[PDB]
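Two forms of the same protein chain are encoded below as structure tokens; each is given separately, as structure 1 and structure 2.
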Structure 1
């Protein structure tokens, strides 16, 4: 029923299309791309592809599957048209500001926006909140990898001279990580300059980063990723409460599925902007509540 459009046909966008088609409560009106070539990708045969969302039926919701750094602008554009929006904006240091920014825009145009709705930020944030209130005193650790960071990869591919890139995240334990970036340079690019731009990027300035040039990125790339979140803390006055959550998943696949759920929820909220911990988890499930209560609680 909910009419949706996938914006940005990249990694997450391609899985988003599949997530929307499998969804029992949604309808894929079309796909919004920067350009639409005469050669139609196999999986888009029979799918409406356009350069502007307005040329797409009566779109009520949009999955913003574009680069994180482009999320703010797209989000505002869709919101100003009264279209609910979901994105997986992953900059932890700024998403709280983005929410305050989109809130009024969303409210004034009678729509809802759910930002940072991937697995991290996203579902892992809900997990961190659970662990936070289950054992208030202590420390939580979120260890990523080994795997591909779609966000870091996009930032490297954005560097001039980079034909293609793979940003891998390696867990060093205790919340600390190391990053290995493999770059496929364009003919004429200067490795040293590309290395400088990578390490200077805010995405990379806080972690030990190692850049290596390679002949082929696709030969080394696997979009799989994972996480291990752990907490050793106190329940009331009771110490040594141990919690552990782990995933070994297809990064883009899970992100897109989560984004779909967040949009299902966005369409149920009062106009405004939300992060995933501000929405009752039942709003992420399709259909009436009763059945989910009996099945899950």
Structure 2
């Protein structure tokens, strides 16, 4: 049974606690937070919560449920302690570089790191790889939403006159996305100004963006999300092969569960850093291989 720690008790972190507790081959040693207040969250009543992973006895693996930009530093800190790490780093543009950066650190400390192990990047990545070799010629389209965007939401809220905001990702089709922004204005903030400020912002200038002022943004929030991946391609020399994959899921819940499966896999790999398509899928399953082969193949 793998001794694991949840690092970062945020949205994903809260679901990670549950995923670890539900895992048959793992034991939750504790949670690592930046601060630990006297008032204990109800669900953490019988859970060890500290600020230093060192105080969690025999930790073998860590789920890095921290902000994207904090992942690099956290992974290196855990790896240098010989602790296997998993994160759902979501920047497609440079996770490949993150992989090269963490590989030597992981190896030199006898640990394994699996990066970008959420649903996208993550499991969606595996699916895209499958579609790619099943029909080498053609185009795969990944359509996200409806669901909220963390990055886009923060960007809008950082605008003067904006008390709080919600940015919805809407699938327009063929891999194109539009934005539906909902904003809660400050004292005498002018909507027109805020509206153009949003549409102009580099985060929305590239896509069709619509803005709406609301009384309460919190009243509109839901972490449900989804994706539709499609490919029309050529298998060998045979055209029009049609594939479609769709999910309607709780975003953080799925991410945390995939992270758990990835940490299970990490503990079984040779020291180094890996993305999800570099690990045999059976390594994400608990227990002996034989039974899974008979049940799933």
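Here the rigid core means the biggest group of C-alpha atoms that line up within 1.5 Å when the two forms are laid on top of each other. Numbering follows the first chain given and starts at 1.
Trainee: For the core superposition between structure 1 and structure 2, please identify the residue among 158, 221, 96, 77 whose CA shift reaches 2 Å or more.
Mentor: Looking at each option in turn, only one qualifies, and it is 158.
Trainee: Superposing on the rigid core, is the CA of residue 201 displaced by 2 Å or more between structure 1 and structure 2?
Mentor: After core superposition, the displacement of the residue 201 C-alpha between structure 1 and structure 2 reaches the 2 Å mark, so yes.
Trainee: Using the rigid core as the reference frame, would you say residue 119 shifts its C-alpha by 2 Å or more between structure 1 and structure 2?
Mentor: Comparing forms between structure 1 and structure 2, the residue 119 CA shifts below 2 Å.
Trainee: Superposing on the rigid core, do we see a C-alpha displacement of 2 Å or more at residue 141 between structure 1 and structure 2?
Mentor: For residue 141, whose C-alpha is compared between structure 1 and structure 2 after core superposition, the shift is less than 2 Å.
Trainee: Cα shift of residue 169 between structure 1 and structure 2 after core superposition, in Å?
Mentor: For residue 169, the alpha-carbon shift amounts to 1.0 Å.
Trainee: Please give the CA displacement of residue 180 between structure 1 and structure 2, in Å, after core superposition.
Mentor: Spelling it out: core superposed, C-alpha of residue 180 shifted, distance 3.3 Å.
Trainee: What is the magnitude, in angstrom, of the C-alpha shift at residue 273 between structure 1 and structure 2 when the rigid core serves as the superposition reference?
Mentor: After core superposition, the C-alpha of residue 273 moves 0.1 Å between structure 1 and structure 2.
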